[PDB]
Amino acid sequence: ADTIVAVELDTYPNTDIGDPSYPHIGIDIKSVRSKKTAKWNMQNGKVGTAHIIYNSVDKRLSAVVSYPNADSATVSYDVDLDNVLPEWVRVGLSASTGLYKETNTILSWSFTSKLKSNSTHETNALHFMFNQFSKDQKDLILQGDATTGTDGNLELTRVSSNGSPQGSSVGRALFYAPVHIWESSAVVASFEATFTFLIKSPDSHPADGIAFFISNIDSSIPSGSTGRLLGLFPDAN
């Protein structure tokens, strides 16, 4: 199976797999059962922003999610990602719906990784920023139902022509180039990610959520990962 580290924006509480009884943000280390969660006052139909940060000295994966005019939600988990992830990874966004549904629209996405080595004022770095997506976005690997270009957005899950989100959908977008998160001469490794999202649902119970994830470079959507598994995991272990 894939190796997955993710920050989940979980819109639907599945209490039998350890979700709290409310929408929440969580840190997932190789399991959909988050190592840490925090309550998330999700807003149907409003544009939100998520930030993810980590560095190899502090070994703490942290995330913050907010909306304009509202307080934020934050979650952190102490973990050495070099003991979890391989040396080369791909980064991406994932989303799903199940019997309950929502739009999982990405309006922008940025990522920065830095490897600071032993040699004088070195730094290896990768940075990308999307503030709009075109219909043929060649530097994204789209998987499942994900599409780009509709209103210049990245639609991670299926939406009808009338704009209604569809259930039982799963889709991901990974940045085309592999990302180097560890090197033998590196003295500090760090990354940060930001994405803005629009989760819209005609229903009182939207599902299932959006995640920023880091994976083995050849990661693909696991079989049966619609719904609560967020397109990231093959089971709820």
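Note that residue numbering begins at 1 and tracks the sequence as displayed.
On average the C-alpha atoms of 11-19 have higher B-factors than those of the other stretch, with 11-19 and 209-217 being the two compared. On average the C-alpha atoms of 145-153 have higher B-factors than those of the other stretch, with 145-153 and 125-133 being the two compared. Within the group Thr112, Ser96, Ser117, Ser76, the record's highest C-alpha temperature factor is found at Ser117. Per the deposited record, the Cα B-factor of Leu198 falls in the middle third when ranked against the other modelled residues of its chain. When the CA B factors of the chain's modelled residues are split into thirds, the value for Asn69 lands in the highest one. Split the chain's modelled residues into thirds by C-alpha temperature factor. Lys46 is in the highest one. Ranked by C-alpha B-factor against the other modelled residues of its chain, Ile27 falls in the lowest third.
In the deposited entry, the Cα temperature factor of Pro86 places it in the middle third of its chain's modelled residues.
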